[PDB]
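**Student:** Here it is, the structure, as structure tokens.
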Amino acid sequence: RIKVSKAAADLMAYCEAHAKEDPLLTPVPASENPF
Amino acid sequence: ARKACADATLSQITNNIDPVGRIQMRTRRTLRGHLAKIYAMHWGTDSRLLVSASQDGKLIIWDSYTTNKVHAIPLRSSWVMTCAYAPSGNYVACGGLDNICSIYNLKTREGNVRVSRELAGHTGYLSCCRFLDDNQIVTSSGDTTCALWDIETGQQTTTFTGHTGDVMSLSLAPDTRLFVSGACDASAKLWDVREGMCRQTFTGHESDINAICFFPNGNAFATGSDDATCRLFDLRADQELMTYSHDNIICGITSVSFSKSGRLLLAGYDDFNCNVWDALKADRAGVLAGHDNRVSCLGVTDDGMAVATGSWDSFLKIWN
Amino acid sequence: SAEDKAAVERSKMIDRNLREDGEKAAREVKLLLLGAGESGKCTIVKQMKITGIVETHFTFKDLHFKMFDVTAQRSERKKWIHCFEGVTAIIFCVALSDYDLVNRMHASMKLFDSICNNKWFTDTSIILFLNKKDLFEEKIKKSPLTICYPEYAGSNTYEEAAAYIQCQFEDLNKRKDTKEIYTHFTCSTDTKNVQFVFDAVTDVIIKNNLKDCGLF
Amino acid sequence: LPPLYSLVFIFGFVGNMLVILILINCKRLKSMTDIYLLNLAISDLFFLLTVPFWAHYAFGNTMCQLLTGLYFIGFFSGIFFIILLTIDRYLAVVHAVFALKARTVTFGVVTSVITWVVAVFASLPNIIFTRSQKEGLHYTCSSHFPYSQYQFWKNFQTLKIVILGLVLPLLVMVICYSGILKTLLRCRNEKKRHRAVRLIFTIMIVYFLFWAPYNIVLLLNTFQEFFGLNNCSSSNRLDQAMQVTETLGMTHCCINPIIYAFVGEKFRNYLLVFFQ
């Protein structure tokens, strides 16, 4: 049972690491986008 | 009990994070091949083929890239409320009110789909099915019990009990060692696939929970209930974290899905359209609409290439 | 373009056979069976003609009928009643003799009021059946109907006791102009009970077609 | 009178298109009766596009032969479609179980093409005998027949334009709706039947108030032996009688959606969804 701050820090760090390679929040070019 | 661990709120920690912003997401293509209402939909591991279940007795597998129907499995029972897609991609599951989790083998001779195995043993109506792997599958039923299944024998390998109300949905963690399910008693239980125990209980909702989805790292998950609130829970602190409630919305939530990054949360509402939530700010960042009827399904690909929403208007749309 | 053409070609075959596969559902009549206890789905299914839900297929007057019984479903109805939204008609089976036993008729309307005033059953009519009529007269002769409702059914006579109960089931709905309610007293003959079902569903087909024909 | 032509296109043109624009996106032709009104919407515009070009608004013989045809094929297609809708309505109610197997799209499109090709077949004698007397006007084109067979073609064209005009549809209007009313008074809903029975009488009478005046002046114009030739004074008065009836016949084409499509209870439900 860790503190909420330690668990919250893990969630934001995971989102920040995968933020660049996220097609939703960062749109991708149309040719690279299969749709 | 564990209120000592509630030292601070995630919003205060996430107050310094730059907002996602009003992102605009459009429908690249619409899948209109069904005839009855759509109740189930799952995404493939290859992010290429998705399966959807409709009330017409047809289980259609859609090719997302080319907008084509790969398969059309004739269901024995027209009433279906859940479906699953195997991680290997060989089998497809489908439940319903018949208490039968019919599993069909796609890789067969001459491309003729056949029933791989008939699953029985649930007294209540099936509500959710998820493939642990090609050999095992977890099924949620309306008899307030969920059990693990084996393909080649069909026996009750492991039964998870402890839910006071009937389970509506469940999701699997990326490491597949743990999974949680949401029942109608505003509670969520953590079950181990190997031990079948009740490590900790998640609750806090004011109505029946209808949506379950894990955070991409596997250390957290979010729930979607009919109390017009989406609640995110963590497996470590075991508390309520960043409830997603807005005064404009009063309707319930039917499907909750997470993006691959986990920064923003997908939530399906029965207000004739779907909603996009910020998983760290609880801000309504971007709203997508266009469904003729209320939406019932919502899923995101493994790579996050696209997100699909399944509504009752017999239409499937892919959003980017 | 050999691979993509074959994928679309085989997908066209998938779309072709669903045109008549779903058309057969339009010809077929979807009927839902409700009941407070074990009295549901016992009368019509007893006719000699052809796990969670048992469905009966029978063709009468060159019309396909599909009857669905949900008696085996012990889960909460609020979670799966929306799955049956859009059926042709709803068949309600209630025993007229179920008033002196523990109170069952009070639970019958409690089930009946929930399904009749449901938000997903606005366009779907209900054909309620007052079963156990053969022994209802003997039961009311043995004990008065006043033990069920404080407002007595007239003077405890069979001619007006059954007529009182049917009205007590037909006035629970507020949406009388939205849908019609068909009441029939089941007899000791399979051909008589199925005849009312055919005529009642026929009126539903007439009503349903008028919205598409534009008359309504 | 010039403003009367603009009033027809004020709501009839885009109203007809709004029906097409709402059946594709929302209805998706799930019902079989939906395709009987979209080709009906194509037919009335085919009759509507002739109105601006009929008033000599601005190519001697080829264009008006298409304009004369676009009037007739546009007219016969719409008048034959409403016959099919009443037959569709007749079979829907008086034979409930027989229609369920009959009401199918695969039968709806095959019976819509054959009634399209009988309209061009019944109209082609007009295109064959269509030439322009005055090239300067560029819009005055009439039916010219050989002197030996002038009485044959003039009578046959008139004999077919009236029987296919009123008596064949009105005979279907009465034999079908009589059976419809015979299968409607038992609907045990007096509040809803009152508006249902009232509206079906309007469909019959407005047909006799828009196409009958065209036919009433037509037989007298064709059969001069009765009154026209003997009088010879009303001919100048009857010169504009055809023109005022054509507009009175043209305005029947723009009231089809309000009497066949906008009167369905579920139809307005898609209207607000289309507006969004």
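Each chain of the structure tokens is named A, B, ... in the order shown, its residues numbered from 1; ligands are numbered from 1 in display order.
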Give the strand (DSSP E or B) residues of stretch 21-207 of chain D, as assigned by DSSP on the backbone, as a VMD selection string.
**Tutor:** chain D and resid 131 to 134 140 to 142
**Student:** What would the file look like if the residues just selected were written as a compact mmCIF listing (two decimals), in the first residue's frame with N, CA, C and O atoms?
**Tutor:**
```
# COMPACT_ATOMS: atom_id res chain seq x y z
N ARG D 131 -41.66 17.85 -83.71
CA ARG D 131 -40.86 18.77 -84.51
C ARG D 131 -41.20 20.20 -84.12
O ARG D 131 -42.21 20.47 -83.47
N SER D 132 -40.34 21.12 -84.55
CA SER D 132 -40.43 22.53 -84.19
C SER D 132 -41.01 23.31 -85.36
O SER D 132 -40.44 23.29 -86.46
N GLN D 133 -42.13 24.00 -85.13
CA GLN D 133 -42.71 24.84 -86.17
C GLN D 133 -41.91 26.12 -86.36
O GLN D 133 -41.66 26.54 -87.50
N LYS D 134 -41.50 26.76 -85.26
CA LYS D 134 -40.77 28.02 -85.31
C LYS D 134 -39.43 27.83 -84.61
O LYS D 134 -39.37 27.62 -83.40
N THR D 140 -41.08 26.25 -78.98
CA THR D 140 -42.42 25.89 -79.42
C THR D 140 -42.30 24.63 -80.27
O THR D 140 -42.05 24.70 -81.48
N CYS D 141 -42.49 23.48 -79.64
CA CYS D 141 -42.43 22.19 -80.31
C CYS D 141 -43.72 21.44 -80.04
O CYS D 141 -44.16 21.36 -78.89
N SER D 142 -44.32 20.89 -81.09
CA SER D 142 -45.64 20.28 -81.02
C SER D 142 -45.60 18.90 -81.66
O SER D 142 -44.57 18.45 -82.17
```
**Student:** So that each row is one residue of chain B with an atom at most 12 Å from chain D, can you give its shortest atom pair and the distance in Å to one decimal, using only C-alpha atoms, rows by chain and rising number, as JSON lines?
**Tutor:**
```
{"residue": "B:30", "atom": "CA", "partner": "D:25", "partner_atom": "CA", "distance": 11.9}
{"residue": "B:32", "atom": "CA", "partner": "D:28", "partner_atom": "CA", "distance": 9.9}
{"residue": "B:33", "atom": "CA", "partner": "D:28", "partner_atom": "CA", "distance": 11.2}
{"residue": "B:34", "atom": "CA", "partner": "D:30", "partner_atom": "CA", "distance": 11.4}
{"residue": "B:35", "atom": "CA", "partner": "D:30", "partner_atom": "CA", "distance": 8.7}
{"residue": "B:36", "atom": "CA", "partner": "D:30", "partner_atom": "CA", "distance": 11.0}
{"residue": "B:272", "atom": "CA", "partner": "D:273", "partner_atom": "CA", "distance": 10.9}
{"residue": "B:289", "atom": "CA", "partner": "D:276", "partner_atom": "CA", "distance": 10.8}
{"residue": "B:290", "atom": "CA", "partner": "D:276", "partner_atom": "CA", "distance": 9.6}
{"residue": "B:291", "atom": "CA", "partner": "D:273", "partner_atom": "CA", "distance": 10.4}
{"residue": "B:292", "atom": "CA", "partner": "D:273", "partner_atom": "CA", "distance": 7.8}
{"residue": "B:293", "atom": "CA", "partner": "D:273", "partner_atom": "CA", "distance": 10.2}
{"residue": "B:313", "atom": "CA", "partner": "D:26", "partner_atom": "CA", "distance": 9.8}
{"residue": "B:314", "atom": "CA", "partner": "D:28", "partner_atom": "CA", "distance": 11.1}
{"residue": "B:315", "atom": "CA", "partner": "D:26", "partner_atom": "CA", "distance": 11.1}
```
**Student:** Within 7 Å of chain B, which residues belong to chain A? Use only C-alpha atoms and report them as a list in words.
**Tutor:**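 My answer is residues 1, 2, 3, 4, 5, 7, 8, 15, 18, 19, 22, 23, 24, 34 and 35 of chain A.
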**Student:** Residues near residue C:13, anyone? I mean within 10 Å using only C-alpha atoms, not counting same-chain ones fewer than 5 positions away, as a compact mmCIF listing (two decimals) with N, CA and C atoms, in the first residue's frame.
**Tutor:**
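And here's around.txt as it stands now:
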```
# COMPACT_ATOMS: atom_id res chain seq x y z
N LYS B 69 -15.20 -7.42 -44.88
CA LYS B 69 -15.61 -8.44 -43.92
C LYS B 69 -14.80 -9.70 -44.18
N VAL C 8 -11.96 -8.13 -51.47
CA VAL C 8 -13.23 -7.45 -51.69
C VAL C 8 -14.25 -8.39 -52.31
N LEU C 18 -26.04 -12.13 -46.43
CA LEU C 18 -26.71 -11.47 -45.31
C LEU C 18 -27.93 -10.66 -45.75
```
**Student:** Env of stretch 182-199 of chain B: 6 Å cut, atoms = only C-alpha atoms, seq-sep filter 4 positions within chain, self excluded. Answer as an NGL selection string.
**Tutor:** :B and (160 or 165-169 or 177-178 or 203 or 205 or 207-209)
**Student:** When you look at residue C:29 with a cut-off of 10 Å (counting only C-alpha atoms), what residues show up, excluding the ones that are within fewer than 5 positions of it in the same chain? I need them as an NGL selection string.
**Tutor:** :C and (24 or 57 or 59 or 63-67 or 87-89 or 201-202 or 205)
**Student:** Using the chain letters and numbers from this document, which residues of chain A does DSSP assign to helix (DSSP H, G or I), as a list in words?
**Tutor:**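 Helix (DSSP H, G or I) assignments inside chain A correspond to residues 4, 5, 6, 7, 8, 9, 10, 11, 12, 13, 14, 15, 16 and 17 of chain A.
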**Student:** With only C-alpha atoms as the counted atoms, please give the residues lying no more than 7 Å from residue B:116, apart from itself and same-chain residues fewer than 2 positions off, as a list in words.
**Tutor:**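 Selected residues are residues 103, 104, 105 and 114 of chain B.
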**Student:** Against chain D, which residues of chain C fall within 9 Å? For each one I want the closest pair of atoms and the distance in Å (one decimal), counting only C-alpha atoms, rows by chain and increasing residue number, as JSON lines.
**Tutor:**
```
{"residue": "C:23", "atom": "CA", "partner": "D:104", "partner_atom": "CA", "distance": 7.9}
{"residue": "C:24", "atom": "CA", "partner": "D:101", "partner_atom": "CA", "distance": 8.7}
{"residue": "C:26", "atom": "CA", "partner": "D:100", "partner_atom": "CA", "distance": 7.2}
{"residue": "C:27", "atom": "CA", "partner": "D:100", "partner_atom": "CA", "distance": 5.3}
{"residue": "C:28", "atom": "CA", "partner": "D:100", "partner_atom": "CA", "distance": 8.7}
{"residue": "C:61", "atom": "CA", "partner": "D:97", "partner_atom": "CA", "distance": 8.0}
{"residue": "C:62", "atom": "CA", "partner": "D:97", "partner_atom": "CA", "distance": 7.1}
{"residue": "C:63", "atom": "CA", "partner": "D:97", "partner_atom": "CA", "distance": 6.1}
{"residue": "C:176", "atom": "CA", "partner": "D:189", "partner_atom": "CA", "distance": 8.7}
{"residue": "C:177", "atom": "CA", "partner": "D:189", "partner_atom": "CA", "distance": 6.8}
{"residue": "C:179", "atom": "CA", "partner": "D:189", "partner_atom": "CA", "distance": 9.0}
{"residue": "C:180", "atom": "CA", "partner": "D:188", "partner_atom": "CA", "distance": 7.7}
{"residue": "C:202", "atom": "CA", "partner": "D:96", "partner_atom": "CA", "distance": 6.4}
{"residue": "C:203", "atom": "CA", "partner": "D:187", "partner_atom": "CA", "distance": 7.3}
{"residue": "C:205", "atom": "CA", "partner": "D:96", "partner_atom": "CA", "distance": 6.5}
{"residue": "C:206", "atom": "CA", "partner": "D:93", "partner_atom": "CA", "distance": 5.4}
{"residue": "C:207", "atom": "CA", "partner": "D:187", "partner_atom": "CA", "distance": 8.0}
{"residue": "C:209", "atom": "CA", "partner": "D:92", "partner_atom": "CA", "distance": 6.7}
{"residue": "C:210", "atom": "CA", "partner": "D:264", "partner_atom": "CA", "distance": 7.9}
{"residue": "C:211", "atom": "CA", "partner": "D:264", "partner_atom": "CA", "distance": 5.5}
{"residue": "C:212", "atom": "CA", "partner": "D:264", "partner_atom": "CA", "distance": 6.9}
{"residue": "C:213", "atom": "CA", "partner": "D:89", "partner_atom": "CA", "distance": 6.3}
{"residue": "C:214", "atom": "CA", "partner": "D:264", "partner_atom": "CA", "distance": 3.8}
{"residue": "C:215", "atom": "CA", "partner": "D:264", "partner_atom": "CA", "distance": 5.9}
{"residue": "C:216", "atom": "CA", "partner": "D:264", "partner_atom": "CA", "distance": 5.2}
```
**Student:** Okay, now the selection with C-alpha atoms, as an mmCIF file, in the first residue's frame?
**Tutor:**
```cif
data_model
loop_
_atom_site.group_PDB
_atom_site.id
_atom_site.type_symbol
_atom_site.label_atom_id
_atom_site.label_comp_id
_atom_site.auth_asym_id
_atom_site.auth_seq_id
_atom_site.Cartn_x
_atom_site.Cartn_y
_atom_site.Cartn_z
ATOM 1 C CA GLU C 23 -34.571 -10.731 -44.424
ATOM 2 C CA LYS C 24 -35.700 -14.007 -42.838
ATOM 3 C CA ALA C 26 -38.218 -9.700 -40.940
ATOM 4 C CA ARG C 27 -40.553 -12.496 -42.052
ATOM 5 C CA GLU C 28 -40.131 -14.238 -38.694
ATOM 6 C CA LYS C 61 -51.082 -19.516 -41.332
ATOM 7 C CA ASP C 62 -47.838 -19.440 -43.357
ATOM 8 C CA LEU C 63 -46.193 -17.092 -40.848
ATOM 9 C CA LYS C 176 -52.418 3.700 -24.030
ATOM 10 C CA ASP C 177 -52.321 5.686 -27.286
ATOM 11 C CA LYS C 179 -49.413 0.845 -27.972
ATOM 12 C CA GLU C 180 -52.382 -1.502 -27.685
ATOM 13 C CA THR C 202 -51.333 -9.481 -37.327
ATOM 14 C CA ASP C 203 -52.653 -6.194 -35.930
ATOM 15 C CA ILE C 205 -47.878 -5.982 -38.324
ATOM 16 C CA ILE C 206 -50.651 -3.697 -39.590
ATOM 17 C CA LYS C 207 -49.701 -1.003 -37.076
ATOM 18 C CA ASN C 209 -46.372 -1.191 -41.497
ATOM 19 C CA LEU C 210 -48.386 2.040 -41.293
ATOM 20 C CA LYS C 211 -45.412 4.042 -40.002
ATOM 21 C CA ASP C 212 -43.334 2.802 -42.946
ATOM 22 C CA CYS C 213 -46.260 3.296 -45.339
ATOM 23 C CA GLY C 214 -46.619 6.836 -43.965
ATOM 24 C CA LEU C 215 -50.264 6.552 -42.892
ATOM 25 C CA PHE C 216 -49.355 7.081 -39.229
#
```
**Student:** For chain B versus chain C, which residues have an atom no more than 10 Å away, and what is each residue's nearest atom pair and distance in Å rounded to one decimal, using only C-alpha atoms, chain-then-number order, as a Markdown table?
**Tutor:**
```
| residue | atom | partner | partner_atom | distance |
| --- | --- | --- | --- | --- |
| B:33 | CA | C:15 | CA | 7.1 |
| B:34 | CA | C:18 | CA | 8.6 |
| B:35 | CA | C:22 | CA | 6.8 |
| B:36 | CA | C:22 | CA | 8.5 |
| B:37 | CA | C:83 | CA | 8.8 |
| B:39 | CA | C:83 | CA | 8.6 |
| B:55 | CA | C:83 | CA | 8.4 |
| B:56 | CA | C:22 | CA | 6.4 |
| B:57 | CA | C:22 | CA | 8.5 |
| B:58 | CA | C:18 | CA | 8.4 |
| B:60 | CA | C:14 | CA | 9.1 |
| B:62 | CA | C:11 | CA | 9.5 |
| B:63 | CA | C:7 | CA | 9.4 |
| B:66 | CA | C:4 | CA | 8.3 |
| B:67 | CA | C:8 | CA | 8.7 |
| B:68 | CA | C:11 | CA | 5.7 |
| B:69 | CA | C:11 | CA | 5.1 |
| B:70 | CA | C:11 | CA | 6.5 |
| B:71 | CA | C:14 | CA | 7.5 |
| B:72 | CA | C:14 | CA | 6.7 |
| B:74 | CA | C:21 | CA | 9.5 |
| B:77 | CA | C:53 | CA | 9.2 |
| B:79 | CA | C:83 | CA | 7.4 |
| B:80 | CA | C:83 | CA | 8.5 |
| B:81 | CA | C:83 | CA | 8.0 |
| B:96 | CA | C:52 | CA | 9.2 |
| B:97 | CA | C:52 | CA | 6.0 |
| B:98 | CA | C:52 | CA | 4.5 |
| B:99 | CA | C:52 | CA | 5.5 |
| B:100 | CA | C:51 | CA | 7.8 |
| B:120 | CA | C:51 | CA | 8.8 |
| B:121 | CA | C:51 | CA | 10.0 |
| B:122 | CA | C:52 | CA | 9.0 |
| B:123 | CA | C:52 | CA | 7.3 |
| B:124 | CA | C:75 | CA | 6.2 |
| B:125 | CA | C:52 | CA | 6.7 |
| B:126 | CA | C:52 | CA | 9.5 |
| B:127 | CA | C:80 | CA | 9.4 |
| B:141 | CA | C:75 | CA | 9.3 |
| B:142 | CA | C:75 | CA | 5.6 |
| B:143 | CA | C:75 | CA | 6.4 |
| B:144 | CA | C:75 | CA | 8.4 |
| B:165 | CA | C:76 | CA | 8.9 |
| B:166 | CA | C:75 | CA | 7.1 |
| B:168 | CA | C:79 | CA | 8.4 |
| B:184 | CA | C:79 | CA | 9.0 |
| B:208 | CA | C:79 | CA | 9.4 |
| B:210 | CA | C:79 | CA | 9.5 |
```
**Student:** I'd like the contact shell of residue C:115 - 10 Å cut-off, only C-alpha atoms, skipping same-chain residues fewer than 5 positions apart - returned as a PDB file with N, CA, C and O atoms, in the first residue's frame.
**Tutor:**
```pdb
ATOM      1  N   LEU C  34     -42.960 -13.449 -20.750  1.00  0.00           N
ATOM      2  CA  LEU C  34     -42.709 -12.981 -19.397  1.00  0.00           C
ATOM      3  C   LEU C  34     -43.639 -13.694 -18.425  1.00  0.00           C
ATOM      4  O   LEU C  34     -44.728 -14.146 -18.788  1.00  0.00           O
ATOM      5  N   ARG C  77     -33.091  -7.977 -14.367  1.00  0.00           N
ATOM      6  CA  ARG C  77     -33.670  -7.705 -15.677  1.00  0.00           C
ATOM      7  C   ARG C  77     -33.243  -6.352 -16.233  1.00  0.00           C
ATOM      8  O   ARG C  77     -33.271  -6.157 -17.452  1.00  0.00           O
ATOM      9  N   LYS C  78     -32.842  -5.415 -15.372  1.00  0.00           N
ATOM     10  CA  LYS C  78     -32.445  -4.095 -15.846  1.00  0.00           C
ATOM     11  C   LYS C  78     -31.190  -4.139 -16.708  1.00  0.00           C
ATOM     12  O   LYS C  78     -30.916  -3.175 -17.430  1.00  0.00           O
ATOM     13  N   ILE C  81     -32.860  -6.482 -20.305  1.00  0.00           N
ATOM     14  CA  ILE C  81     -34.143  -6.241 -20.954  1.00  0.00           C
ATOM     15  C   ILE C  81     -33.996  -5.362 -22.190  1.00  0.00           C
ATOM     16  O   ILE C  81     -34.818  -5.456 -23.111  1.00  0.00           O
ATOM     17  N   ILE C  90     -44.836  -8.771 -27.250  1.00  0.00           N
ATOM     18  CA  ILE C  90     -44.500  -9.371 -25.965  1.00  0.00           C
ATOM     19  C   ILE C  90     -45.709 -10.153 -25.477  1.00  0.00           C
ATOM     20  O   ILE C  90     -46.822  -9.617 -25.428  1.00  0.00           O
ATOM     21  N   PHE C  92     -47.417 -12.020 -22.367  1.00  0.00           N
ATOM     22  CA  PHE C  92     -47.416 -12.078 -20.913  1.00  0.00           C
ATOM     23  C   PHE C  92     -48.320 -13.213 -20.458  1.00  0.00           C
ATOM     24  O   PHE C  92     -49.485 -13.286 -20.862  1.00  0.00           O
ATOM     25  N   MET C 109     -48.060  -7.866 -11.518  1.00  0.00           N
ATOM     26  CA  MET C 109     -48.089  -6.504 -12.041  1.00  0.00           C
ATOM     27  C   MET C 109     -46.779  -5.778 -11.771  1.00  0.00           C
ATOM     28  O   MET C 109     -46.362  -4.924 -12.561  1.00  0.00           O
ATOM     29  N   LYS C 110     -46.115  -6.100 -10.659  1.00  0.00           N
ATOM     30  CA  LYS C 110     -44.806  -5.516 -10.396  1.00  0.00           C
ATOM     31  C   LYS C 110     -43.826  -5.873 -11.506  1.00  0.00           C
ATOM     32  O   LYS C 110     -43.003  -5.043 -11.913  1.00  0.00           O
ATOM     33  N   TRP C 120     -37.628   1.022 -23.369  1.00  0.00           N
ATOM     34  CA  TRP C 120     -37.254   0.301 -24.577  1.00  0.00           C
ATOM     35  C   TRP C 120     -38.406  -0.488 -25.184  1.00  0.00           C
ATOM     36  O   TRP C 120     -38.207  -1.170 -26.192  1.00  0.00           O
ATOM     37  N   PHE C 121     -39.601  -0.413 -24.598  1.00  0.00           N
ATOM     38  CA  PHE C 121     -40.776  -1.116 -25.098  1.00  0.00           C
ATOM     39  C   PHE C 121     -41.906  -0.154 -25.451  1.00  0.00           C
ATOM     40  O   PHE C 121     -43.079  -0.454 -25.216  1.00  0.00           O
ATOM     41  N   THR C 122     -41.565   1.007 -26.020  1.00  0.00           N
ATOM     42  CA  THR C 122     -42.584   1.997 -26.356  1.00  0.00           C
ATOM     43  C   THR C 122     -43.390   1.583 -27.580  1.00  0.00           C
ATOM     44  O   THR C 122     -44.616   1.739 -27.600  1.00  0.00           O
ATOM     45  N   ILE C 126     -48.083  -5.600 -26.037  1.00  0.00           N
ATOM     46  CA  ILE C 126     -48.046  -6.718 -25.102  1.00  0.00           C
ATOM     47  C   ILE C 126     -49.345  -7.499 -25.221  1.00  0.00           C
ATOM     48  O   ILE C 126     -50.435  -6.916 -25.170  1.00  0.00           O
TER      49      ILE C 126
END
```
**Student:** Out of C:1, C:43, C:146, C:166, which residue has the shortest atom-to-atom distance to residue C:190 when counting only C-alpha atoms?
**Tutor:**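 Among the listed residues, C:43 lies closest to residue C:190.
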